[PDB]
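Listed here are the chains, written in short residue letters.
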Amino acid sequence: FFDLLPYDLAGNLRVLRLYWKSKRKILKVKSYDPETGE
Amino acid sequence: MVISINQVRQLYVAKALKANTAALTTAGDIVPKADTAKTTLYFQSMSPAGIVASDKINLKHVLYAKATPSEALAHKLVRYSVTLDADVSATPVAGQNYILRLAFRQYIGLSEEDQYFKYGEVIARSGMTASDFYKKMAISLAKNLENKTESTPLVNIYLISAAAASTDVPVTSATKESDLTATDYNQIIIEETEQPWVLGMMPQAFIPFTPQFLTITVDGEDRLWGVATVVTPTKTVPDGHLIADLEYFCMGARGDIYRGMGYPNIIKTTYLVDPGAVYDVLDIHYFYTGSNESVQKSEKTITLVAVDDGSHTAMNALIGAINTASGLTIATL
Amino acid sequence: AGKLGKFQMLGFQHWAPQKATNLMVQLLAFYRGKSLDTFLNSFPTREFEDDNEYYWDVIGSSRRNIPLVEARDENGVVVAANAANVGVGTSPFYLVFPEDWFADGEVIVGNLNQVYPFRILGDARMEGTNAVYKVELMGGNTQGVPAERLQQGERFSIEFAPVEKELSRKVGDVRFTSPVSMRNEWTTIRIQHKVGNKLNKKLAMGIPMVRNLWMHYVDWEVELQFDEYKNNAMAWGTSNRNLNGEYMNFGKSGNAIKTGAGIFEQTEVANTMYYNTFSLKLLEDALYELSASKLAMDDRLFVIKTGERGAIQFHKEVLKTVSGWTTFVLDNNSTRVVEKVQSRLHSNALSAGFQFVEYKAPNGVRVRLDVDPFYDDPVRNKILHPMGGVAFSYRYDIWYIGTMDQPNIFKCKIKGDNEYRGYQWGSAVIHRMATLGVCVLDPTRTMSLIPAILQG
Amino acid sequence: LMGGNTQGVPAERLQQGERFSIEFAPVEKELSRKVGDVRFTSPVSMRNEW
Amino acid sequence: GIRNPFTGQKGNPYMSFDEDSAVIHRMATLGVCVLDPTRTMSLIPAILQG
Amino acid sequence: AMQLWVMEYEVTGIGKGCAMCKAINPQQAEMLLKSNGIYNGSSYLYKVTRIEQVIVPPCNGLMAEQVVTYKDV
Amino acid sequence: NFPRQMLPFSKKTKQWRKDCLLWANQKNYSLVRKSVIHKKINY
Ligand SMILES: [Mg+2]
C-alpha cells in the first residue's frame, strides 16, 4: 500500500514511439516539353 | 619553467648538513662525501624514499663552482614617476583633456607583438592646481586598472606626498578622493605587479610598460602634458617561485618525465622546495672524459639549493663543508 | 534638462458598466520591460554534450626579445646609472639575463639596434636561473657602450652569428615554444510559483498622472519571467570562485552554488574603460592603438553598439570636432543639412535637420553607430545622467573586433534539452529549471567605454 | 553577497532610497531546492460620458 | 522531484518533493519451510557456539 | 504621503534648479531629490537652499524662482 | 527546445535523429482533448 514510466513492468519492456513532421527542402522546377511548347 | 641545458642539470635540496652518512634520517638532509685524496666529490641526500647519491665529480674535471645569493636572483619591480611637464606648464591649464596612455608590451603573449593599452582621463578645472590633478589622475587610472573583475592585475598606482617624499600612499578603485587629503602631491608612481604562478605550468614572468601622453594645447601648441621617468625600484619579488619551478624541472632527470599525464596511473615525486622561502643556489659545472678515444666532454652540472635567512647561514655552511671535503676554492658569500 | 513625473507604480498592498475597448491600452506615460532577447539572439549558440566544464587551446605568438637583469664589468662589479662607458677598446664585459636564450658567438643588440652590437664570447655561465654571458662589441666601437643603454629592462634580440673564413667553429642554436589553454564554467537557474489562470500576491498597479485624478495568465508569466532569469544569467552573471577554485556561496542543501560568469563580466576584463567625459580625442586614440597592433588597414570597421542617448552624445561630440575644422567650410550643397521639401504652404519650401553617425579616423579607422534599445532600461538602470536618460545608453561597446573566422561570443547549451519543469500539488507549486552559460573566447576583441558614474 | 565579493559592499551603497532590481535566482548542480517568484500587474480604468 | 535519473524522465506533473532527487524503494515478503526436521541431520563444530 | 514641498536647490558648479516632492517631512523631501533626481550618480552636487510647504488657501502665488545670470557663469 | 528541423538531408545525422527521441522522453499540449486524469476517471 501507500500510507512515472519505468523501463520495465511485469517483465514487459517500455516502447516509446515518436512520430514527427520535419521540414524537407525540395525544388520546384519549370521545364519545357521538347515536343510542344508547354 | 623550462630551462636550457649545456647538458643535464640536477638539483639537490640541502635542508640540513650532517657529518656522516648514517645520520641522514629526515627528508632533505645532505652530506658532501669525498675521499682523503680529494679526487671524487658526491652528495648523499635523503630523498623521501631512501638515501640517494649524486654523480661522482672527478675534481680534476671541474670548470667553475660559484654560489649565487638570494637577492641576486630576486626580481626588482620597476616603477614610473609621472609628473607634469615643467616647460609646457607647471599648472594644469583649464578646460583641457589630460589622457595618459599606459603601453603594455608582453600582455597575454610571449612576444612584443601582443600589446595592450589602458587609459586614464581627467578634464581640468579653472582652479585645479598640480596637487589636485595628481589626485584626480590616480583615481581615474586605478578605476580602469585595478578593477576586481579583470583578468590579472597589471600595475599599481601610488602617489607621493611632498611632506613625506619617501612613503607612498596607495590608491585603488575602492579609494574615494575623500581619503586622499594631502595638499602637496608631486608625482604618480606606477609600479608593475607580480603575475600569477603555478608550479611547472605557468612560469614566472612580468608585463613591462611605458606610459605615453596625449598632446594638449597650452598656448595654441600641441604639447605633451607630462614626462615619465623610471625611478630606482623599491619592491622586489622574492626568490621562492623561481626555485620551486627549477626543482619541478630538474626532478625529471632523476625522477619521471611523465609528471602526472595519465592521471590516476602516475608517479608523484615529492618536492622539498617551499615557495614561501627565499633560496641560495650553488652551481658546480663539470664534465666527463673517456678512456682513449672518447675524449669528448659530457658537460653536466649539479645544483645545490639552500634556504637563507638574512645572512646566509645554511649556504655558507654548505660551501664550508665542500671546501674542506673536496678541496676546491668556492667563494664564501 | 528637467523631468516631470507622468506615472507612479504602486503595489496592491497600498490599495458592470459598459466598456469602450476590450483590449487593454498601454499609455505612452508608462515604461515597459525590455527583453535582452535580440541582444542575446544576435550571438550564436554552441551546443555541448553535458554539464562538464570545457577547455580550449589558446595559441599565441613567438617573436621574443629578452629583458636585461644587470650589466657587469670584467672585474665583476655591476654597472650603475652614473657610470662611464663599458667595454672600451673592445674589452670584454659581462651581461646578466634571466634566461639562457642566446648561444655562443651570436650577436645581440640593445634598444639602439645595430649601433652597439654585442658578440657573445662563449656559453652562458648559469647563475641560479639567470644566464651570464661574456660579451664584446661587434661594430668597430672604440668609445664603448654607455651605461644608460646597459640597465635593467633593456630588450635584447638576436641578429646573427658571424664566423671567420678559415677554420671556423660552431656557433648559434635554435629555440622552441609551446601554447596555453583556458576554461569556463556553467550556472543553474531555478524558479517557483505557488498557484490555473488567476493572479497571486505580488501585484503592482500602474497609476497615470492625468489632470482629473481580465484574468491573469499564469503559464505565460512563469514562462516569460523564467526566460528573463535565463537572459540575466547570460548577460549579468558573476563568478563566485577564488583563484584557488573554491566556491564562496553555498545553497540550501549544503552543496556550493556553482555559478559562472556573464557576457558583461567576461568582456570587461580587457579593453574596458571608465570615462568622466566623452570626447573623440579619447575614442580615436583608444581605437587606433588597438588597430595599430592587432588589425590590418582595410579591416578597421568598428561598429559602436550603444544606447539612444549615447548616439546623440556621439552626435554632439563629432559636431564639436567638425566645429574645430577651420580649413573646410561645410556647405548645404554637399552635406544637405537643409533640404527642399514640396509643401502645400509654399512653392519653395524647406526642411532642416541632420545627425552625425560616422567618424573616419586616420589610417582607415572608421566608426559606425547603431543603437541597441535594451541599453535604455528604466528598471535595470537607475543612476540617471544629467543630459537625460538612464546613463547606460551613454555606454559604448564594440563587439566583433576584426574577422576571426569563428564566433568569439556565443551562448552555451546542453545537447538535448537543459530545461526541466515540474508541478507539485498537495500547495500547488510550479517548478522550472535550466542550466546555461556564455563563453567569450577572446575578451581582448571587445572594447567598452562605460561611464565613470557606474563604477565602484 | 554573491559575485566573488570579499571586501564587502560599501556603506554608501545601502542608503535610503536606493532602488533594487531582480536579476536571477541561482541554485546548485546537485540537490537544488526552490527559489524565485513571479510578478503581476492589474489595470486601472479611465472614464467618459455623453 | 523534477526529474527521474532511474527511469530517464524530465518533467513531473505530480511532484513528490521540491528537491532535485530520486529515491528507489524495494520491498519483499519471503519465507522458508522445513516440514520434517527429523528427515534432516546436522553435525556442527562446537566452536561456532550454535 | 502627507504634504507637498517645493524646494530650491543648487547643483554644485553646473547650475540652479527647481523641484517639488511629496514627502512627510523635508528630511524626506531632500531624500527623494537626492535619490530620484537626474543627478542620481553625482548626488553630492545637490545643495538644497530652501524647502517650503505648499499651503493652499491663497490659491494663487509664486513658490519658486531662480534665474541663472550671464554674470554668474 | 525540440531540435532544428530546417536542415539538409545530410545534416540530419544519426545523432540528430537520436536527439529527437530524447526530447520525447522529457514529455499532452492538446486543446481539444481532456486530461489523462479526466479520461481515466471516466473509464
Ligand atoms: Mg572586452
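In what follows, the structure referred to is the one given above.
Colleague: What should I look at first to understand the overall build of chain F in this one?
Modeller: Regarding its fold elements, chain F presents one helix and three strands. The C-alpha extent of chain F, read off along each of the three principal axes, is 40 × 25 × 15 Å. Within chain F, the proportion of its 73 residues that are buried is 29%. For chain F, restricting intrachain contacts to residue pairs at least 6 apart in sequence, the fraction spanning at least 24 positions comes to 47%. For chain F, the accessible surface area stands at approximately 5000 Å², while carbon and sulfur atoms represent 58% of it. Where the 6 positive side-chain charges of chain F centre and where its 6 negative ones centre are 3 Å apart.

Colleague: What am I meant to see in the interface of chain F and chain C here?
Modeller: Often, the extent of an interface is quoted as the loss of accessible area on bringing the components together. With seven residues of chain F in contact, the opposing surface of chain C contributes eight residues. On the chain F side of the interface with chain C, the three residues burying the most area are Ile 38, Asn 40 and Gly 41 of chain F, jointly 76% of the side's total. Taken together, chain F and chain C are joined by zero salt bridges. Linking chain F to chain C there are one residue pair in polar contact. Looking at the side of chain F that touches chain C residue by residue, the classes come out as two nonpolar, five polar and no charged.

Colleague: What should I look at first to understand the coordination of the magnesium ion in this one?
Modeller: Where a metal carries four tetrahedral donors, each ideal angle is 109.5 degrees; where it carries six octahedral donors, the ideal angles are 90 or 180 degrees. Residue and element names in this part refer to chain C. Those donors, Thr 267 (O), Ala 270 (O) and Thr 446 (O), are the protein atoms that reach the magnesium ion, and they lie 2.0 to 2.6 Å from it. On the basis of relative accessibility, which here comes to 1%, the residue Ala 270 falls in the buried class. We classify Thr 446 as buried; its relative accessible area is 4%.

Colleague: Help me understand the interface of chain C and chain D, please; the structure alone is not making it clear to me.
Modeller: In this complex, chain C contributes 46 residues to the contact, which on the side of chain D involves 32 residues. Three residues stand out in chain C for area buried against chain D, namely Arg 190, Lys 202 and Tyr 229 of chain C, and they jointly supply 16% of the buried area on that side. Where chain C meets chain D, there are two salt bridges. For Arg 380 of chain C, the salt bridge is made with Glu 23 of chain D, and the minimal N-O distance between the two is 3.6 Å. Inspection of the region where chain C meets chain D yields 18 residue pairs in polar contact. Of all elements in the fold, only β12 (187-194), β13 (203-208), α2 (218-235) and β23 (429-440) of chain C reach the threshold of two or more residues within the side of chain C that touches chain D. Per-element accounting of the side of chain C that touches chain D gives the leading share, eight residues, to α2 of chain C. Per-class residue counts for the side of chain C that touches chain D are 19 nonpolar, 18 polar and nine charged.

Colleague: I would appreciate a short explanation of the sheet that holds strand β2 (residues 15-23) of chain F in the present structure.
Modeller: Within a sheet, neighbouring strands are paired by backbone hydrogen bonds and run either parallel or antiparallel to one another. Residue and element names in this part refer to chain F. Sheet architecture is open: three strands sit in the order β2-β1-β3, paired in antiparallel fashion. Two strands close off the open sheet at either side, each with one partner strand: β2 and β3 (50-53). For this sheet, the mean angle separating the axes of adjacent strands, direction not counted, is 20 degrees. In the sheet, strand β1 (residues 3-11) pairs with β2 via nine bridges, with the strands oriented antiparallel. Residue pairing for β2: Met 7 is matched across the bridge by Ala 19. Those strands touched by helix α1 (residues 26-36) are β1, β2 and β3, and its axis lies near 120 degrees from that of β2.

Quick notes on the rules
Residues numbered from 1 in each chain as written, not as in the entry; some residues may be left out. Chains lettered and ligands numbered in written order. Part of a larger assembly, values for the part shown. Heavy atoms only, no water. Helix = DSSP H or I, 4+ residues; strand = E, 2+ residues; numbered from the N terminus. Buried < 20%, exposed > 50% of the residue type's maximum accessible area, 1.4 Å probe, protein only. Contact = heavy atoms within 4.5 Å. Areas by Shrake-Rupley, 256 points an atom, 1.4 Å probe, with all protein chains shown as cover. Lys, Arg positive; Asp, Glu negative; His and termini not counted. Charge placed at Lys NZ, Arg CZ, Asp CG, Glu CD. Buried area = accessible area lost by both parts, 1.4 Å probe. Salt bridge = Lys/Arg side-chain N within 4 Å of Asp/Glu carboxyl O. Polar contact = N/O pair within 3.5 Å; in protein donor to acceptor, adjacent residues only side chain to side chain. Nonpolar A, V, L, I, M, F, W, Y, C, P; charged D, E, K, R; others polar. Donors = N, O, S within 2.8 Å, 3.2 Å for Na, K, Ca; no water. Pairing = 2+ DSSP bridges. Axes fitted to C-alpha atoms, helices over the stretch in contact; angles between N-to-C directions.

By themselves these figures say nothing about function.
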